[PDB]
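K.L.:
please find the sequence and an experimentally derived structure below.
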Amino acid sequence: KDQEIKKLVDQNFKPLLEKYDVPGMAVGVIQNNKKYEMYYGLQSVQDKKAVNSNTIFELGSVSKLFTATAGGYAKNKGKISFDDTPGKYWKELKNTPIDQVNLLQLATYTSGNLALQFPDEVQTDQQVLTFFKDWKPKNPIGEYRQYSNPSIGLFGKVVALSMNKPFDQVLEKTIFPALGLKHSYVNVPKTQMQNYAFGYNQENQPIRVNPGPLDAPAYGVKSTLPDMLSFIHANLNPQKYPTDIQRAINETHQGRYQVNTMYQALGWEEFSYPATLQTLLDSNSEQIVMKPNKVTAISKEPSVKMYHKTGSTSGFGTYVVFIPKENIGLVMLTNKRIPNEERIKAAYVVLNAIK
Ligand SMILES: *[B@]([O])([C][N]S(=O)(=O)[C]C1=[C][C]=[C]C(C([O])=O)=[C]1)OP([O])([O])=O
(Lines give C-alpha, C1' and ligand atoms only; values in the text may rest on other atoms or scores of the structure.)
Protein backbone atom coordinates (compact mmCIF):
# COMPACT_ATOMS: atom_id res chain seq x y z
CA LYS A 1 0.00 0.00 0.00
CA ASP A 2 2.84 2.38 1.00
CA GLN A 3 4.08 1.64 -2.53
CA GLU A 4 1.17 3.82 -3.85
CA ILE A 5 2.38 7.18 -2.38
CA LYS A 6 5.04 7.78 -5.04
CA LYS A 7 2.56 6.82 -7.82
CA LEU A 8 -0.18 9.12 -6.43
CA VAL A 9 2.19 12.11 -6.17
CA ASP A 10 3.48 11.45 -9.64
CA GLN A 11 -0.11 11.25 -11.00
CA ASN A 12 -1.27 14.46 -9.30
CA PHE A 13 1.69 16.79 -8.91
CA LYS A 14 4.10 15.82 -11.67
CA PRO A 15 1.84 17.02 -14.53
CA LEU A 16 1.83 20.51 -13.04
CA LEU A 17 5.48 20.94 -14.01
CA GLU A 18 4.66 20.84 -17.78
CA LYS A 19 1.36 22.59 -17.49
CA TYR A 20 2.88 25.65 -15.76
CA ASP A 21 6.52 25.35 -17.02
CA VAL A 22 7.83 24.95 -13.45
CA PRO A 23 11.53 24.17 -13.26
CA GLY A 24 11.56 22.36 -9.95
CA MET A 25 9.23 20.78 -7.35
CA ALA A 26 9.52 19.02 -4.00
CA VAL A 27 6.48 17.19 -2.59
CA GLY A 28 6.57 15.42 0.75
CA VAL A 29 4.02 13.21 2.44
CA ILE A 30 4.04 12.09 6.07
CA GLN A 31 1.83 9.19 7.03
CA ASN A 32 1.95 7.29 10.38
CA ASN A 33 5.24 8.87 11.21
CA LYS A 34 6.93 7.78 7.92
CA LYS A 35 8.27 10.48 5.51
CA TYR A 36 8.06 10.25 1.71
CA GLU A 37 10.08 12.78 -0.39
CA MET A 38 9.36 13.23 -4.13
CA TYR A 39 11.77 15.47 -6.05
CA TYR A 40 11.25 16.83 -9.59
CA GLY A 41 13.29 18.92 -11.93
CA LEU A 42 15.90 21.57 -11.21
CA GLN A 43 16.53 24.08 -8.46
CA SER A 44 18.54 26.10 -10.97
CA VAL A 45 17.82 26.02 -14.73
CA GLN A 46 21.09 27.71 -15.75
CA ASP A 47 23.19 25.43 -13.44
CA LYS A 48 21.30 22.22 -14.28
CA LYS A 49 21.22 21.56 -10.56
CA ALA A 50 18.72 19.01 -9.45
CA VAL A 51 16.06 19.48 -6.71
CA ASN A 52 17.06 17.38 -3.74
CA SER A 53 16.82 17.12 0.04
CA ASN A 54 19.32 20.07 0.39
CA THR A 55 17.31 22.44 -1.82
CA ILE A 56 16.21 25.58 0.00
CA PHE A 57 12.91 27.19 -1.18
CA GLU A 58 11.15 30.42 -0.18
CA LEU A 59 8.04 29.66 1.88
CA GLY A 60 6.27 32.99 1.39
CA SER A 61 3.23 33.28 3.66
CA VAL A 62 3.93 29.84 5.10
CA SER A 63 6.52 31.85 7.14
CA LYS A 64 3.45 33.10 9.11
CA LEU A 65 3.15 29.67 10.64
CA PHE A 66 6.57 30.11 12.20
CA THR A 67 5.61 33.53 13.38
CA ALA A 68 2.47 32.11 14.98
CA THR A 69 4.55 29.32 16.57
CA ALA A 70 6.98 31.92 17.97
CA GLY A 71 4.01 33.85 19.43
CA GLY A 72 2.56 30.65 20.95
CA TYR A 73 5.97 29.99 22.51
CA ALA A 74 6.31 33.50 23.93
CA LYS A 75 2.79 33.32 25.40
CA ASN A 76 3.46 30.05 27.10
CA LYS A 77 6.75 31.33 28.73
CA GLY A 78 4.65 34.30 30.04
CA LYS A 79 6.43 36.87 27.88
CA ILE A 80 3.23 38.11 26.29
CA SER A 81 -0.43 37.84 26.65
CA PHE A 82 -2.72 37.80 23.56
CA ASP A 83 -4.83 40.46 25.45
CA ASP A 84 -1.82 42.87 25.45
CA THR A 85 -1.50 45.75 23.02
CA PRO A 86 1.67 46.54 21.01
CA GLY A 87 2.55 49.67 22.99
CA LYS A 88 3.33 47.51 26.00
CA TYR A 89 6.35 46.23 24.01
CA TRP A 90 7.19 48.84 21.39
CA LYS A 91 7.06 51.90 23.74
CA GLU A 92 6.98 54.41 20.83
CA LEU A 93 3.45 53.07 20.03
CA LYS A 94 2.11 53.41 23.61
CA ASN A 95 -1.04 55.59 23.68
CA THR A 96 -1.41 55.75 19.84
CA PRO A 97 -4.50 54.44 18.10
CA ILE A 98 -2.86 51.09 17.07
CA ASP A 99 -2.32 50.53 20.84
CA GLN A 100 -6.09 49.74 21.04
CA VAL A 101 -5.63 46.59 18.91
CA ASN A 102 -4.49 43.56 20.85
CA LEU A 103 -1.83 41.03 19.78
CA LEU A 104 -4.30 38.37 18.78
CA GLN A 105 -6.21 40.78 16.53
CA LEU A 106 -2.89 41.75 14.87
CA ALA A 107 -1.86 38.05 14.50
CA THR A 108 -5.26 37.29 12.97
CA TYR A 109 -5.77 40.31 10.65
CA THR A 110 -8.65 42.04 12.47
CA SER A 111 -7.29 45.53 13.26
CA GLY A 112 -9.93 46.87 10.82
CA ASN A 113 -7.50 49.05 8.88
CA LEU A 114 -4.45 47.13 7.51
CA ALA A 115 -4.20 46.06 3.88
CA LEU A 116 -2.20 43.20 2.31
CA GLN A 117 0.94 45.22 1.95
CA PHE A 118 2.62 48.23 3.51
CA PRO A 119 2.85 51.22 1.05
CA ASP A 120 5.74 50.89 -1.40
CA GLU A 121 7.42 54.01 0.02
CA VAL A 122 7.56 52.36 3.50
CA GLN A 123 10.97 50.59 3.76
CA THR A 124 13.18 51.76 6.68
CA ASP A 125 12.70 51.04 10.34
CA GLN A 126 11.90 54.73 10.81
CA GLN A 127 9.23 54.64 8.08
CA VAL A 128 7.61 51.53 9.67
CA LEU A 129 7.34 53.23 13.07
CA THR A 130 5.80 56.36 11.49
CA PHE A 131 3.30 54.23 9.57
CA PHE A 132 2.07 52.63 12.84
CA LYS A 133 2.06 55.93 14.80
CA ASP A 134 -0.06 57.59 12.07
CA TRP A 135 -2.46 54.62 12.02
CA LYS A 136 -6.06 55.29 12.67
CA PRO A 137 -8.92 52.82 12.81
CA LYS A 138 -11.48 52.32 10.12
CA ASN A 139 -13.69 49.25 10.76
CA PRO A 140 -14.56 48.40 14.40
CA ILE A 141 -11.50 46.72 15.93
CA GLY A 142 -11.85 42.96 15.86
CA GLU A 143 -14.86 42.70 13.62
CA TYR A 144 -13.31 42.51 10.10
CA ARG A 145 -10.61 40.22 8.71
CA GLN A 146 -8.40 41.65 6.05
CA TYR A 147 -5.40 39.41 5.25
CA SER A 148 -2.31 41.46 5.99
CA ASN A 149 1.49 41.36 6.03
CA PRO A 150 1.79 44.46 8.06
CA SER A 151 -0.68 43.10 10.67
CA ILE A 152 1.17 39.90 11.37
CA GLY A 153 4.53 41.54 10.88
CA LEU A 154 3.87 43.90 13.78
CA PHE A 155 2.80 40.86 15.83
CA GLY A 156 6.11 39.24 14.99
CA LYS A 157 8.02 42.39 15.89
CA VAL A 158 6.30 42.54 19.26
CA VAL A 159 6.90 38.81 19.92
CA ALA A 160 10.62 39.50 19.26
CA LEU A 161 10.62 42.51 21.63
CA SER A 162 9.01 40.30 24.27
CA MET A 163 11.86 37.83 23.93
CA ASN A 164 14.59 40.52 23.82
CA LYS A 165 16.03 39.29 20.53
CA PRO A 166 15.49 40.41 16.97
CA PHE A 167 12.93 38.30 15.13
CA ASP A 168 15.49 36.58 12.90
CA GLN A 169 17.24 35.19 15.98
CA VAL A 170 13.99 34.21 17.70
CA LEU A 171 13.45 31.77 14.79
CA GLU A 172 17.04 30.79 14.06
CA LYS A 173 18.21 30.37 17.75
CA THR A 174 15.04 29.33 19.52
CA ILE A 175 12.14 28.13 17.45
CA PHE A 176 13.87 26.23 14.64
CA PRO A 177 16.23 24.28 17.03
CA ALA A 178 13.28 23.42 19.31
CA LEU A 179 11.51 21.93 16.22
CA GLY A 180 14.58 19.94 15.10
CA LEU A 181 14.98 21.91 11.83
CA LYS A 182 18.48 21.86 10.38
CA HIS A 183 18.24 24.05 7.22
CA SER A 184 15.53 26.52 7.90
CA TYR A 185 16.50 30.26 7.74
CA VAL A 186 15.44 33.80 7.83
CA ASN A 187 18.96 34.73 6.32
CA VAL A 188 20.45 31.92 4.29
CA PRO A 189 24.10 31.87 5.26
CA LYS A 190 27.14 31.88 2.92
CA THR A 191 27.68 28.13 3.24
CA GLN A 192 24.15 27.28 2.11
CA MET A 193 23.78 29.76 -0.78
CA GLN A 194 24.67 27.03 -3.32
CA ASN A 195 21.58 25.14 -1.99
CA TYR A 196 19.12 28.08 -2.37
CA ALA A 197 16.99 27.55 -5.50
CA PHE A 198 16.43 30.34 -7.90
CA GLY A 199 12.78 31.26 -8.03
CA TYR A 200 11.36 31.86 -11.51
CA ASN A 201 8.85 34.55 -12.29
CA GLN A 202 6.02 34.43 -14.84
CA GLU A 203 8.52 35.32 -17.65
CA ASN A 204 10.76 32.38 -16.46
CA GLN A 205 13.43 34.82 -15.19
CA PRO A 206 15.40 33.74 -12.05
CA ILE A 207 14.45 35.85 -9.04
CA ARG A 208 14.59 35.75 -5.27
CA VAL A 209 12.59 37.60 -2.70
CA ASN A 210 13.58 41.26 -2.16
CA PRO A 211 14.16 42.76 1.33
CA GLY A 212 11.17 44.74 2.62
CA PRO A 213 9.57 46.12 5.82
CA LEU A 214 8.87 43.37 8.50
CA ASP A 215 9.42 40.83 5.72
CA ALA A 216 10.71 38.03 7.95
CA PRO A 217 7.58 37.41 10.08
CA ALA A 218 5.24 37.80 7.07
CA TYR A 219 6.88 35.97 4.22
CA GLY A 220 10.59 35.68 4.84
CA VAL A 221 11.55 32.12 5.84
CA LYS A 222 13.33 29.65 3.59
CA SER A 223 13.44 25.89 4.19
CA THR A 224 13.91 22.44 2.73
CA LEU A 225 11.47 19.58 2.12
CA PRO A 226 12.89 17.48 4.98
CA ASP A 227 12.52 20.38 7.42
CA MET A 228 9.02 21.19 6.34
CA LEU A 229 8.09 17.53 6.79
CA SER A 230 9.58 17.68 10.33
CA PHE A 231 7.43 20.78 10.95
CA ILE A 232 4.33 19.01 9.76
CA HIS A 233 5.33 16.01 11.96
CA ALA A 234 5.57 18.32 14.97
CA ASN A 235 2.07 19.59 14.13
CA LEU A 236 0.62 16.11 13.84
CA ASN A 237 2.43 14.38 16.66
CA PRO A 238 3.99 16.83 19.05
CA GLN A 239 4.39 14.44 22.06
CA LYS A 240 8.12 13.85 21.56
CA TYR A 241 8.82 17.63 21.44
CA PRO A 242 9.84 19.86 24.31
CA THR A 243 6.93 20.82 26.49
CA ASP A 244 7.22 24.55 25.69
CA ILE A 245 7.17 23.92 21.90
CA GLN A 246 4.22 21.58 22.45
CA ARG A 247 2.31 24.40 24.09
CA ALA A 248 3.35 26.70 21.22
CA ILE A 249 2.18 24.31 18.63
CA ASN A 250 -1.11 23.67 20.34
CA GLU A 251 -1.68 27.40 20.61
CA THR A 252 -1.52 27.59 16.79
CA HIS A 253 -4.25 25.00 16.31
CA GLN A 254 -6.97 26.86 18.31
CA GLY A 255 -9.57 28.50 16.08
CA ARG A 256 -10.11 32.11 17.04
CA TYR A 257 -13.07 33.10 14.86
CA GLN A 258 -14.77 32.01 11.66
CA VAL A 259 -15.52 33.24 8.19
CA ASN A 260 -18.15 30.69 7.26
CA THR A 261 -16.42 27.34 6.65
CA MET A 262 -12.91 28.84 7.23
CA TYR A 263 -11.77 29.04 10.84
CA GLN A 264 -8.86 31.36 11.51
CA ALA A 265 -6.26 29.85 13.82
CA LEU A 266 -2.90 31.43 14.59
CA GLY A 267 -1.15 31.37 11.16
CA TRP A 268 -3.02 28.23 10.15
CA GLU A 269 -6.38 28.06 8.43
CA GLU A 270 -8.57 25.41 10.08
CA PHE A 271 -11.49 23.40 8.70
CA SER A 272 -13.92 20.72 9.78
CA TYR A 273 -12.62 17.36 8.50
CA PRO A 274 -13.54 15.97 6.13
CA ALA A 275 -13.62 19.20 4.18
CA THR A 276 -15.16 19.43 0.75
CA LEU A 277 -12.80 20.39 -2.08
CA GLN A 278 -14.74 23.61 -2.47
CA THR A 279 -14.26 24.53 1.23
CA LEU A 280 -10.53 24.17 0.81
CA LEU A 281 -10.33 26.04 -2.54
CA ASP A 282 -12.62 28.85 -1.48
CA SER A 283 -10.58 29.53 1.64
CA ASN A 284 -8.19 31.26 -0.73
CA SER A 285 -10.78 33.03 -2.95
CA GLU A 286 -10.29 36.64 -3.97
CA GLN A 287 -13.09 37.49 -1.50
CA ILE A 288 -11.27 36.00 1.49
CA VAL A 289 -7.68 36.90 0.55
CA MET A 290 -8.02 40.36 -0.98
CA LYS A 291 -11.10 41.92 0.67
CA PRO A 292 -12.45 42.78 4.17
CA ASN A 293 -14.85 40.24 5.62
CA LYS A 294 -16.81 40.63 8.81
CA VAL A 295 -16.04 37.62 11.05
CA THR A 296 -18.21 35.72 13.47
CA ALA A 297 -17.53 33.89 16.66
CA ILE A 298 -17.04 30.20 16.20
CA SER A 299 -20.46 28.55 16.42
CA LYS A 300 -19.78 24.96 15.31
CA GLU A 301 -16.56 23.94 17.08
CA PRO A 302 -15.15 21.25 14.69
CA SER A 303 -14.70 17.87 16.38
CA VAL A 304 -12.14 16.61 13.86
CA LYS A 305 -10.00 19.34 12.18
CA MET A 306 -7.55 19.82 9.32
CA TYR A 307 -5.35 22.73 8.71
CA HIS A 308 -3.63 24.38 5.71
CA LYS A 309 -1.64 27.30 4.51
CA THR A 310 -0.53 28.57 1.07
CA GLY A 311 2.42 30.75 0.43
CA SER A 312 3.86 32.58 -2.55
CA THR A 313 6.74 34.85 -3.36
CA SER A 314 7.48 36.29 -6.84
CA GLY A 315 9.35 33.12 -7.75
CA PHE A 316 8.07 30.30 -5.43
CA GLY A 317 4.85 28.53 -4.43
CA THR A 318 4.25 26.61 -1.23
CA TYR A 319 1.39 24.61 0.25
CA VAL A 320 1.19 22.73 3.50
CA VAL A 321 -1.70 20.69 4.91
CA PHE A 322 -2.25 18.20 7.70
CA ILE A 323 -5.03 16.18 9.29
CA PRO A 324 -4.35 15.01 12.89
CA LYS A 325 -6.89 12.16 13.08
CA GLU A 326 -5.62 10.52 9.87
CA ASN A 327 -2.05 11.12 10.94
CA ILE A 328 -1.22 12.44 7.42
CA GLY A 329 0.13 15.65 5.95
CA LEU A 330 1.68 17.04 2.76
CA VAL A 331 4.02 19.77 1.76
CA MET A 332 4.58 21.14 -1.80
CA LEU A 333 7.40 23.50 -2.66
CA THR A 334 7.92 24.90 -6.23
CA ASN A 335 10.33 27.38 -7.64
CA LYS A 336 7.69 28.94 -9.78
CA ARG A 337 4.16 30.00 -8.67
CA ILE A 338 1.29 27.87 -9.84
CA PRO A 339 -2.27 28.75 -8.93
CA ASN A 340 -3.36 27.95 -5.38
CA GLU A 341 -6.28 25.89 -6.73
CA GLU A 342 -3.95 23.42 -8.33
CA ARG A 343 -1.86 23.01 -5.17
CA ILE A 344 -5.01 22.46 -3.08
CA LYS A 345 -6.62 20.03 -5.53
CA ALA A 346 -3.54 17.89 -6.03
CA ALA A 347 -3.11 17.61 -2.23
CA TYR A 348 -6.77 16.79 -1.82
CA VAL A 349 -6.61 13.88 -4.34
CA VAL A 350 -3.44 12.52 -2.80
CA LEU A 351 -4.45 12.69 0.87
CA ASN A 352 -7.88 11.29 0.07
CA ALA A 353 -6.37 8.40 -1.92
CA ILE A 354 -4.09 7.36 0.93
CA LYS A 355 -7.22 7.24 3.15
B1 LIG B 1 1.61 35.12 1.19
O2 LIG B 1 2.64 34.30 0.51
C3 LIG B 1 1.83 36.68 0.99
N4 LIG B 1 2.06 36.86 -0.43
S5 LIG B 1 3.08 38.05 -0.84
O6 LIG B 1 3.19 38.10 -2.29
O7 LIG B 1 2.54 39.24 -0.19
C8 LIG B 1 4.66 37.83 -0.47
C9 LIG B 1 5.59 38.91 -0.98
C10 LIG B 1 5.43 40.22 -0.52
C11 LIG B 1 6.30 41.24 -0.97
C12 LIG B 1 7.34 40.96 -1.85
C13 LIG B 1 7.50 39.64 -2.33
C14 LIG B 1 8.63 39.31 -3.26
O15 LIG B 1 9.68 40.20 -3.47
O16 LIG B 1 8.64 38.16 -3.77
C17 LIG B 1 6.65 38.63 -1.85
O18 LIG B 1 0.25 34.87 1.18
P19 LIG B 1 -0.72 33.91 0.36
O20 LIG B 1 -0.28 32.60 -0.25
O21 LIG B 1 -1.77 34.73 -0.34
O22 LIG B 1 -1.45 33.57 1.66
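P.N.:
In hand now; what should we look at? Numbering: from 1, shown residues only.

K.L.:
and the residue of the protein that's closest to the ligand?
P.N.:
Of all residues in the chain, the one sitting closest to the ligand is residue 61 (2.5 Å; CB to the nearest ligand atom). Every residue, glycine included, has its C-beta placed from N, CA and C.

K.L.:
and that residue, how many neighbours does it have?
P.N.:
Using other CB atoms under 10 Å, residue 61 has 20 neighbouring residues.

K.L.:
do I have it right that it meets residue 312?
P.N.:
Yes - with contacts counted by CB atoms under 8 Å, residue 61 reaches residue 312, the gap being 6.8 Å.

K.L.:
what's the overlap in contacts for the two?
P.N.:
By CB atoms under 8 Å, 6 or more residues apart in numbering, residue 61 and residue 312 have these common neighbours: residue 318.

K.L.:
tally of neighbours for residue 189?
P.N.:
The criterion is other CB under 10 Å. On that basis, residue 189 has 10 neighbouring residues.

K.L.:
tell me how far it lies from residue 274.
P.N.:
Applying CB to CB, to the nearest Å, the value for residue 189 to residue 274 is 42 Å.

K.L.:
now the residue of the chain closest to the ligand, nearest residue through space, not along the chain?
P.N.:
residue 311 (3.9 Å; CB to CB, 6 or more residues apart in numbering).

K.L.:
kindly report the same for residue 345.
P.N.:
residue 277 (6.7 Å).

K.L.:
wait, doesn't that neighbour sit right on residue 351?
P.N.:
No - the criterion here is CB under 8 Å, and residue 277 misses it with residue 351 at 11.2 Å.

K.L.:
what residues does this structure have near the ligand?
P.N.:
When proximity is defined as CB under 6 Å from any ligand atom, the chain approaches the ligand at 60-61, 149, 209-210, 212, 219, 289, 310-314.

K.L.:
of the residues you listed, which count as buried by neighbour count?
P.N.:
Buried residues within the residues of the chain next to the ligand, defined by neighbour count using 16 or more other CB atoms under 10 Å: 60, 61, 149, 209, 212, 219, 310, 311, 312, 313, 314.

K.L.:
quick one: secondary structure of the fifth one?
P.N.:
Put plainly, it is residue 212. With DSSP: H, G, I helix; E, B strand; the rest coil as the basis, residue 212 sits in coil.

K.L.:
residues in contact with it?
P.N.:
Counted by CB under 8 Å, 6+ apart, residue 212 has contacts 118, 123.

K.L.:
all helices for this protein, in order.
P.N.:
4-12, 14-20, 63-76, 103-107, 125-133, 149-162, 167-169, 176-178, 215-219, 225-236, 243-252, 277-282, 286-290, 340-353 (DSSP state H).

K.L.:
related to what we said a few turns ago, comparing residue 277 and residue 351, which residue is more hemmed in?
P.N.:
Between residue 277 and residue 351, counted using other CB under 10 Å, the more crowded position is residue 351 (21 against 13).

K.L.:
quick one on the thing from earlier: biggest separation within the residues of the chain next to the ligand, which pair?
P.N.:
Greatest spatial distance in the residues of the chain next to the ligand: 210 and 289, 21.2 Å, computed using CB to CB.

K.L.:
residue 103 is in contact with residue 155, isn't it?
P.N.:
Yes - at 5.9 Å, residue 103 counts as touching residue 155 under the criterion of CB under 8 Å.

K.L.:
still on that earlier bit, distance of the residue nearest to residue 61 relative to residue 76?
P.N.:
Distance of residue 311 to residue 76, computed by CB to CB: 25 Å.

K.L.:
next, the closest residue to residue 98 other than its chain neighbours: phi, psi?
P.N.:
The shortest distance from residue 98 to any non-neighbouring residue, by CB to CB, 6+ apart, is to residue 135 (4.4 Å). Main-chain torsions, residue 135, degrees, to the nearest 10: phi -60, psi 130.

K.L.:
tell me the contacts of residue 135?
P.N.:
96, 97, 98, 113.

K.L.:
could you do residue 332 as well?
P.N.:
13, 25, 26, 27, 317, 318, 319, 320, 343, 346, 347.

K.L.:
can you flag the buried ones in the residues you listed?
P.N.:
13, 25, 26, 27, 317, 318, 319, 320, 343, 346, 347.

K.L.:
you'd agree the second one is up against residue 43?
P.N.:
No - using CB under 8 Å as the test, residue 25 is too far from residue 43 to be in contact (10.1 Å).

K.L.:
nearest residue to the middle of this protein?
P.N.:
What sits nearest the mean C-alpha location of the chain, by CA atoms, centre = their mean, is residue 62, with 1.9 Å.

K.L.:
not counting sequence-adjacent ones, nearest residue to it?
P.N.:
residue 311 (3.7 Å).

K.L.:
any idea how far the one you found lies from residue 352?
P.N.:
Relative to residue 352, residue 311 is positioned 23 Å away (CB to CB).

K.L.:
kindly report the same for residue 198.
P.N.:
Relative to residue 352, and taking CB to CB, residue 198 is found at 33 Å.

K.L.:
of those two, who's got more company?
P.N.:
residue 198 (22 against 13).

K.L.:
OK, contacts around that one?
P.N.:
Applying CB under 8 Å, 6+ apart, we find residue 198 in contact with 23, 43, 44, 45, 46, 206, 207, 208, 315, 335.

K.L.:
so which of the residues you listed wins on neighbours?
P.N.:
residue 335 (30 neighbours).

K.L.:
in the stretch 251-355 of the chain, which spans are strands?
P.N.:
For the stretch 251-355 of the chain, strands defined by DSSP state E, counting those that start in this stretch occupy the ranges 257-259, 262-264, 269-272, 293-294, 305-312, 317-323, 328-334.
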